[PDB]
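Undergrad:
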Amino acid sequence: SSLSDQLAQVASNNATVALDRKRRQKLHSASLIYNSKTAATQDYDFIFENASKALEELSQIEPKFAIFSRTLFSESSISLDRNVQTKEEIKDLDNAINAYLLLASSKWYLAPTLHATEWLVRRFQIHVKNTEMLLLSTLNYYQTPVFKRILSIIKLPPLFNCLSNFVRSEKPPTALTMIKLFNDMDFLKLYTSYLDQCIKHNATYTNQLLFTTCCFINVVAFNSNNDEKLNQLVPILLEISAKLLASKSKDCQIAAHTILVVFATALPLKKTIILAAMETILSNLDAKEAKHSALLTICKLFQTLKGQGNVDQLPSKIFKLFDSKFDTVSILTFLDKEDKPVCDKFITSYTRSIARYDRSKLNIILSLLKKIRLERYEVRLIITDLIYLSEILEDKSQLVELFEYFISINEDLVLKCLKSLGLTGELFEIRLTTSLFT
Amino acid sequence: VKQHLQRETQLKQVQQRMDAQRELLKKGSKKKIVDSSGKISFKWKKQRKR
Amino acid sequence: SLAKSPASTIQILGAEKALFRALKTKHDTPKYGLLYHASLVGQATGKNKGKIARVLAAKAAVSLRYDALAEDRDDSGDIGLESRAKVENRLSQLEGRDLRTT
Amino acid sequence: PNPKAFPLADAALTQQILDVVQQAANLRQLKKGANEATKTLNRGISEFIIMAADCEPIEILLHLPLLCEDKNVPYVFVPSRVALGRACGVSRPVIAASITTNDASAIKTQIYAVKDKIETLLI
Amino acid sequence: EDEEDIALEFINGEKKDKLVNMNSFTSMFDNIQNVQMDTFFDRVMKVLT
Amino acid sequence: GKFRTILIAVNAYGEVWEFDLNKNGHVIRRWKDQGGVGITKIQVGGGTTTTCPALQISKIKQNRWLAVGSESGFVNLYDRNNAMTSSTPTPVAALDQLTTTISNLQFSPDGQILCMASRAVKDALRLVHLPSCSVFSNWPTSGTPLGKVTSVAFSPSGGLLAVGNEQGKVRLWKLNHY
Amino acid sequence: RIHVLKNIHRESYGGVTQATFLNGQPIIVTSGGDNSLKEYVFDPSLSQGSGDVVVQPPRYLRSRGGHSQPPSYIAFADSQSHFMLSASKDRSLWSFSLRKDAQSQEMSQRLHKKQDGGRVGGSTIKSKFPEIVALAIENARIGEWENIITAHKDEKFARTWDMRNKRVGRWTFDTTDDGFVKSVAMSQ
Amino acid sequence: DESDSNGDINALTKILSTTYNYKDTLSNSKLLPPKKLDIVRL
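Quick note, the sequences are listed as chains U, F, C, A, P, D, Y and H, same order. Under the authors' numbering, the first residue of the first sequence is numbered 2, with each subsequent residue one higher. Under the authors' numbering, the first residue of the second sequence is numbered 201, with each subsequent residue one higher. Under the authors' numbering, the first residue of the third sequence is numbered 308, with each subsequent residue one higher. Under the authors' numbering, the first residue of the fourth sequence is numbered 4, with each subsequent residue one higher. Under the authors' numbering, the first residue of the fifth sequence is numbered 848, with each subsequent residue one higher. Under the authors' numbering, the first residue of the sixth sequence is numbered 417, with each subsequent residue one higher. Under the authors' numbering, the first residue of the seventh sequence is numbered 283, with each subsequent residue one higher. With the authors' numbering as the guide, the letters of the eighth sequence map in order to residues 180 to 184, 202 to 238.
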């Protein structure tokens with residue numbers, strides 16, 4: 002390698018060290034508020050007073066900010082220099098900085114956040130040393146001028162290279178630039194680690210979740226014509242969807258619902274994966290908007306399926322979990338809803354699962370089949386299952402009522418089902434102990 | 201008034217010739233058709249503008 | 308008369324001096340006229356100002372012909388609102404495009 | 004169709020109009036769009052005007068009959084703007100087309116026949 | 848009946864669905880400011896359906 | 417064991433007649449192609465067609481799809497189940513991928529593919545997935561030797577596609593799904 | 283699961299028979315029954331703060347190889363007995379050094395652009411040439427133009443190769459009577 | 180840290213751990229997929 006390349010590595014290692022007056026000036030002029038002229042003349046005490054006032058206001062707004070007054074915004078931190086610390090002490094300081102940035106991500110629209118983050122910018126050089134966490138925490142605000150100020154004073158990591166032309170520019174980054182930023186796989190791994198930390202520490206909020214959901218959905222849409230890129234996108238996005246579903250936050254759950262719906266529409270997934278995602282959706286479901294989104298998600302996920310086991314009944318555990326979460330009258334009023342997204346595959350699988358397991362809501366099966374319009378293959382599968390159930394079950398009444406309904410609508414399909422099963426219509430009349438045929 | 205009419209029709213013929221050449225400059229498949237009288241015409245292919 | 312004028316006239320209305328000196332001296336014509344003071348053209352930047360002027364002149368011609376020639380009109384400006392929505396879609400597309408390489 | 008759309012032609016006249024429009028499209032004797040039809044009416048270089056009766060709202064088209072009555076130019080209504088656009092030879096629907104004037108045009112006889120058939124409607 | 852006739856019933860069963868292309872959700876960035884997550888989900892479902 | 421034969425005839429305007437050949441050729445119905453100018457081709461698909469016939473009377477099925485192809489390069493695609501009622505029906509899709517006259521319309525025996533082709537220019541063949549009504553992207557390709565496509569045939573069973581062109585070549589492809 | 287490297291070794295000869303991480307190194311040495319010995323290395327992460335979460339996939343470092351099937355044909359490439367040419371039934375033509383095994387290299391089958399400017403043709407899923415049944419090599423014009431002719435099994439043309447570049451050349455020599463190539467020869 | 184030794205939230209994580217190919221191809225779905233075609237020249 003070149004001597005110049007090795008010296009470049011040396012310079013990158015000793016970037017923040019103020020080895021003389023000019024380096025001190027260049028490092029200290031970087032600020033989120035003041036210009037370079039004022040910033041060079043300011044000392045640490047003045048910035049510390051303003052940052053302590055800002056942290057007092059931040060603690061009055063959010064009480065969790067008061068824990069940082071003993072560790073980062075204390076009076077002892079004025080004389081703490083990073084470069085004379087060891088690696089363990091720098092690691093502890095980095096953990097504290099990460100926790101502060103995670104907590105301060107939501108409040109960046111407030112004025113005290115900027116004045117309090119001045120102290121971390123100027124004492125602890127986070128725009129040089131904690132750059133990635135700063136960008137990931139403030140990445141939602143790319144319209145706003147505070148992100149412009151961060152971009153102006155910041156250095157860029159390797160993973161943030163789509164923003165290289167938006168440094169020191171009046172025009173903000175665009176939505177296409179953010180999509181191109183997210184479209185990298187390693188950036189997605191870094192961002193899913195960040196979201197894992199946010200979900201683990203309960204720091205997710207609505208503007209963040211809307212931004213990440215829109216970016217993930219647009220990444221899926223951009224990769225929709227490459228099946229290899231989509232196949233690589235399966236683990237990252239489905240792990241982060243599982244983690245968002247594990248959250249207690251209904252906004253996190255709705256974000257995971259959106260990701261699952263778009264991603265299932267873009268890529269035809271295995272039925273095992275669809276059923277496992279449905280189990281994960283149904284497991285931690287406790288809020289009303291989450292239920293409303295989750296039912297539509299389940300209907301769309303089942304409408305996606307096109308394999309041989311397409312219309313097959315649910316497994317017993319998943320069916321009982323669905324029955325516990327979503328109730329019969331809720332299914333009925335979901336069909337009464339005027340919007341009514343296409344859900345015939347899920348409704349038919351639900352009907353066959355009811356006939357397999359419950360054995361007591363055959364009139365509910367009748368009501369569902371009256372309210373939804375099913376296709377011939379689905380009706381044929383339902384009719385065959387009901388014929389088997391008529392052979393098994395001792396009581397015929399709940400089933401025979403369904404069978405006059407099936408004579409009323411598509412009688413010839415019932416005849417062909419009986420012929421396929423080897424039964425004559427009069428033999429089925431003997432089975433039902435009632436004459437139902439013309 | 202008659203001279204105004206003559207200038208107007210002369211400018212009309214000039215503009216028609218310019219517009220014919222400006223249509224040749226564009227994008228399409230065209231065929232040169234030479235009449236027996238000697239007039240030069242161009243006929244375009246039956247193709248729809250994308 | 309403003310309804311019977313086409314959209315290309317409505318774009319350059321008020322810039323007749325520059326328009327006709329350019330048309331008489333074989334120079335470049337104005338990109339816009341009185342419509343430079345509409346709010347949407349102001350939101351446009353750079354080369355997108357002429358594009359938004361062209362789009363807005365076309366939609367203004369549509370809305371203004373409707374506004375003059377309709378026998379039955381509800382005085383709500385719904386045609387104007389739909390055309391404004393279309394112009395805002397076009398403006399958002401033009402502004403979201405960037406020229407520097409990422 | 005809208006009552007303001009007048010004169011609307013029948014199926015056979017619509018056939019002949021759209022055939023002549025296709026021939027003019029192949030010969031580059033056609034102007035597409037209400038703005039360009041307005042320009043040809045102003046400049047006096049239009050044979051006749053074809054307008055699509057299913058334009059919504061129709062008042063985008065309705066300024067053209069006034070200009071046609073002023074400059075004494077025949078105009079006609081055909082039912083479908085999709086049909087008019089496909090005859091004009093473009094991938095977009097077209098609500099107004101203008102047949103321009105050319106004496107050396109090979110389709111002059113067809114243009115003048117359809118023009119007379121349109122004028123009988125305007126009588 | 849035949850298994851071919853049953854397969855034809857499946858094939859006539861499948862109906863039209865909207866597909867995802869690259870410029871399907873680019874306009875969603877305009878309105879992520881004040882709206883809620885359920886409203887975003889409704890917009891996404893409207894695009895997909 | 418009983419079926420009826422319907423003749424579906426289209427003129428250049430777009431008006432479509434349907435005759436019942438069993439009832440002395442009297443007219444069942446008449447309707448109009450939406451958009452509809454310069455129509456060259458009409459073709460049903462998804463059931464027993466003249467391209468793919470039945471091997472017995474019980475195998476006769478109705479056709480789900482109808483396609484109308486014009487001089488402009490437009491193909492209007494009608495779903496018959498909804499289009500038999502309107503007498504001025506709306507197409508499910510209008511395809512403008514080709515810019516020259518539609519001279520070949522064909523369907524797969526299942527009707528999942530519509531093959532539309534033009535003999536006017538080279539390499540003017542497109543395969544359309546139904547019911548999504550979407551053109552396949554990866555095929556045909558810039559290096560596909562279609563030529564000036566004058567004739568198209570679909571195999572009844574094998575899933576083969578035979579394309580005959582102006583150089584006299586008939587090239588053959590197999591769809592691996594079939 | 284960090285990563286999956288698919289088909290680094292052929293399934294028929296036994297797949298990955300041995301793979302060993304070297305001690306303290308981000309280098310794994312792999313081998314299989316197909317006469318290959320490869321190495322893969324892990325680059326350092328592109329993230330500074332994240333690190334262990336964001337892991338780049340392993341990349342190919344270096345390998346040694348040979349024929350996977352017995353050689354169909356051999357020849358000596360020069361008078362110094364430095365190098366041999368060997369074509370095998372696994373459709374590979376190799377150059378093997380008698381002086382140092384590192385200098386052995388597989389002749390590249392990447393085609394050239396046609397002189398007229400037309401497209402070459404053939405399947406986009408690229409496969410190797412049919413097995414070579416005959417070979418002729420003359421080093422009188424090595425470095426100037428093609429100096430190897432090979433006759434391949436069940437083909438009606440012969441292929442030329444350049445030994446200086448170690449790659450297939452730009453001419454295919456036809457039989458012009460609709461027959462398979464049985465013999466090749468070259469002038470001195 | 181760990182030894183391996202009524203819905204569960206870990207179902208998706210476990211199925212992602214198990215399967216390596218996520219797209220469904222062995223089902224023989226007999227409905228033709230929309231945008232990509234499997235076609236070979238004879």
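Each residue gets a CB set at the ideal place from its N, CA and C atoms; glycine is no exception.
Confirm, please, whether the CB-CB distance from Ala277 of chain U to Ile211 of chain H is below 7 Å.
TA: yes
Undergrad: Which residues of the stretch 367-391 of chain C have a Cβ closer than 9 Å to any Cβ of chain A? Give them in chain order.
TA: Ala368, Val369, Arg372, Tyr373, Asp374, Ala375, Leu376, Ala377, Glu378 and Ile386
Undergrad: Specify the secondary structure class of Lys251 of chain U as computed by DSSP and reduced to three states.
TA: helix
Undergrad: Tell me where the beta strand (DSSP E) around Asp495 of chain D begins and ends.
TA: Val491 to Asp495
Undergrad: Evaluate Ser354 of chain U with the Cβ neighbour count: other Cβ atoms within 10 Å of its Cβ, from every protein chain shown; 16 or more gives buried, anything less gives exposed.
TA: buried
Undergrad: Kindly confirm or deny that the stretch 204-218 of chain H and the stretch 531-545 of chain D touch, where touching means at least three C-beta pairs closer than 8 Å.
TA: no
Undergrad: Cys71 of chain A: which of A:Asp22, A:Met54, A:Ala109 and A:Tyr115 sits nearest, CA to CA?
TA: A:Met54
Undergrad: Taking only beta-carbon positions, decide if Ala360 of chain C is within less than 7 Å of chain A.
TA: Interface flag for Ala360 of chain C against chain A is unset, since no Cβ pair is found closer than 7 Å.
Undergrad: Taking 7 Å as the CB-CB limit, is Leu895 of chain P close to chain U?
TA: yes
Undergrad: What are the uninterrupted segments assigned as beta strand (DSSP E) that are 3 or more residues long and contained completely in the stretch 23-57 of chain A, given in chain order?
TA: 33-35 and 49-55
Undergrad: The beta strand (DSSP E) with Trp447 of chain D in it runs from where to where?
TA: Counting along the chain, the unbroken beta strand (DSSP E) around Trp447 of chain D starts and ends at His442 to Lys448.
Undergrad: Could you tell me whether the Cβ of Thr421 of chain D comes closer than 7 Å to any Cβ of chain F?
TA: no
Undergrad: So which of A:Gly36, A:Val79, A:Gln25 and A:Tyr115 has the shortest CA-CA distance to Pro313 of chain C?
TA: A:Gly36
Undergrad: Residues of the stretch 36-70 of chain A in Cβ contact with chain C at a cutoff of 7 Å, in chain order, please.
TA: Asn38, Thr41, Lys42, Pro60, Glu62, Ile63, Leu65, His66, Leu69 and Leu70
Undergrad: Give me the chain H residues within the contact set of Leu530 of chain D, using Cβ-Cβ distance strictly less than 7 Å, ordered along the chain.
TA: Here the premise fails: no neighbours, minimum Cβ distance about 12 Å.
Undergrad: Using a cut-off of 8 Å between C-beta atoms, extract the partners of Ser94 of chain A located in chain D.
TA: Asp512
Undergrad: To the nearest angstrom, report how far apart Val147 of chain U and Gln10 of chain U are at their CA atoms.
TA: 30 Å
Undergrad: Is the shortest distance between the beta-carbon of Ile235 of chain H and the beta-carbons of chain G less than 7 Å?
TA: Any reference to chain G falls outside this structure, whose protein chains are U, F, C, A, P, D, Y and H.
Undergrad: Given a cut-off of 7 Å, decide if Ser182 of chain H and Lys307 of chain U are closer than it, judged by their beta-carbon atoms.
TA: no
Undergrad: So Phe872 of chain P and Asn219 of chain U are supposed to be a Cβ contact under 8 Å. How far apart are they, rounded?
TA: Contact flag correct, Cβ pair sits at about 5 Å.
Undergrad: Please determine whether the Cβ atom of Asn206 of chain H lies at a distance below 6 Å from any heavy atom of the ligand ZN.
TA: With respect to the ligand ZN, the structure shown offers nothing to examine, as it has no ligands at all.
Undergrad: Evaluate residue 967 of chain P with the Cβ neighbour count: other Cβ atoms within 10 Å of its Cβ, from every protein chain shown; 16 or more gives buried, anything less gives exposed.
TA: Nothing can be reported for residue 967 of chain P: it is not among the residues displayed for chain P, which extend from 848 to 896.
Undergrad: Need the endpoints of the alpha helix (DSSP H) that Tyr45 of chain U sits in, please.
TA: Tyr45 to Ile62
Undergrad: Helix, strand or coil, according to DSSP, for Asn520 of chain D in the structure here?
TA: strand
Undergrad: Which of helix, strand or coil does DSSP assign to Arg237 of chain H?
TA: strand
Undergrad: Tell me whether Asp287 of chain U is buried or exposed, calling it buried when 16 or more other Cβ atoms sit within 10 Å of its Cβ.
TA: In the assembly as shown, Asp287 of chain U is an exposed residue. Its beta-carbon has fewer than 16 other beta-carbons within 10 Å.
Undergrad: Excluding five sequence neighbours on each side, which residues of the same chain lie with their C-beta closer than 6 Å to the C-beta of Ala67 of chain U?
TA: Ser60
Undergrad: Sort A:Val117, A:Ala116 and A:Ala99 by Cα distance to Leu44 of chain A and report the nearest one.
TA: A:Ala99
Undergrad: In the DSSP assignment, find the beta strand (DSSP E) that holds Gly461 of chain D and state where it starts and stops.
TA: Bounds of the beta strand (DSSP E) holding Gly461 of chain D are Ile455 to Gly461.
Undergrad: Taking only runs of the alpha helix (DSSP H) that begin and end inside the stretch 137-205 of chain U, which ones reach a length of at least 4 residues, in chain order?
TA: 146-154, 176-183 and 186-201
Undergrad: Against chain P, with Cβ distances strictly below 7 Å, would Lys232 of chain H count as a contact?
TA: no
Undergrad: Rounded to a whole number of angstroms, what is the C-alpha to C-alpha distance between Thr458 of chain Y and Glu434 of chain D?
TA: 59 Å
Undergrad: Could you check how far apart the C-beta atoms of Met366 of chain Y and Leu375 of chain Y are, in whole angstroms? I think they sit under 8 Å.
TA: Rounded, the Cβ-Cβ distance is 11 Å, inconsistent with contact.
Undergrad: Would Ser332 of chain Y pass as a contact of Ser194 of chain U if the rule is Cβ separation under 7 Å?
TA: Taking a C-beta distance under 7 Å as the contact criterion, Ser332 of chain Y and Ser194 of chain U qualify as a contact pair.
Undergrad: Is the separation between the beta-carbon of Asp539 of chain D and that of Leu562 of chain D shorter than 7 Å?
TA: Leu562 of chain D is positioned such that its CB atom lies closer than 7 Å to that of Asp539 of chain D.
Undergrad: Of all Cβ atoms in chain D, is any one closer than 7 Å to the Cβ of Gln215 of chain F?
TA: no
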